[PDB]
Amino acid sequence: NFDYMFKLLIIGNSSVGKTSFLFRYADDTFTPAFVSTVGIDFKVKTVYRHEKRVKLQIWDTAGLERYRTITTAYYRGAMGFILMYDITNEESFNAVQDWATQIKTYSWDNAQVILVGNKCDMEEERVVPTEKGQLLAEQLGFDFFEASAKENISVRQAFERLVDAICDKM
């Protein structure tokens, strides 16, 4: 069995890398084909932190407004959020404040949030500077990471930081 179980959700605009993020973290793999998530899905990963066995039930939400209702229903009981934008896509970063207030509206169960700018391997196509993400995260009270699901940069660090934040609030 296990000693803790944490519900984590991954939210953000479509084509931002939420599924790619989850698959990199879980299976240590990546595929460039874009298969958009229909509604929601989830994967279970077991980790060992603070000499304790922690199970993570990680939900991959859909980014399209069409599913924004159904996805919101699954914010229930969530303890952590990975709010993702794409550093290639400015619309995704502009949507961050809306996503954060959506977290506040639909769970606010003392849920810890991590802000992540994915696709940081795509420096040639970056439109959101790192400083902007740092500033918005500092304002909202989130920790911040720029990551790449393609190259496996700061994926494990993001998840571990979320888990650490959840553990400390106890």
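In this text, residue numbers run from 1 along the sequence as written.
According to the deposited model, is the average Cα temperature factor higher in 136-144 or in 46-54?
That would be 46-54.
Splitting the chain's C-alpha B-factors into thirds, which one does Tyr106 fall into?
Its C-alpha B-factor belongs to the middle third of this chain's values.
Third of chain Cα B-factors occupied by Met79
Its C-alpha B-factor belongs to the highest third of this chain's values.
Is the Cα B-factor recorded for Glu90 in the lowest, middle or highest third of its chain?
CA B-factor rank for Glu90: highest third.
Using the temperature factors of the C-alpha atoms in this entry, rank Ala33 within its chain: lowest, middle or highest third.
Its C-alpha B-factor, which the entry lists for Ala33, ranks in the highest third among residues of this chain.
Would you check the entry's CA temperature factor for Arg68 and let me know if it's in the chain's lowest, middle or highest third?
It belongs to the highest third of the chain when residues are ordered by C-alpha B-factor.
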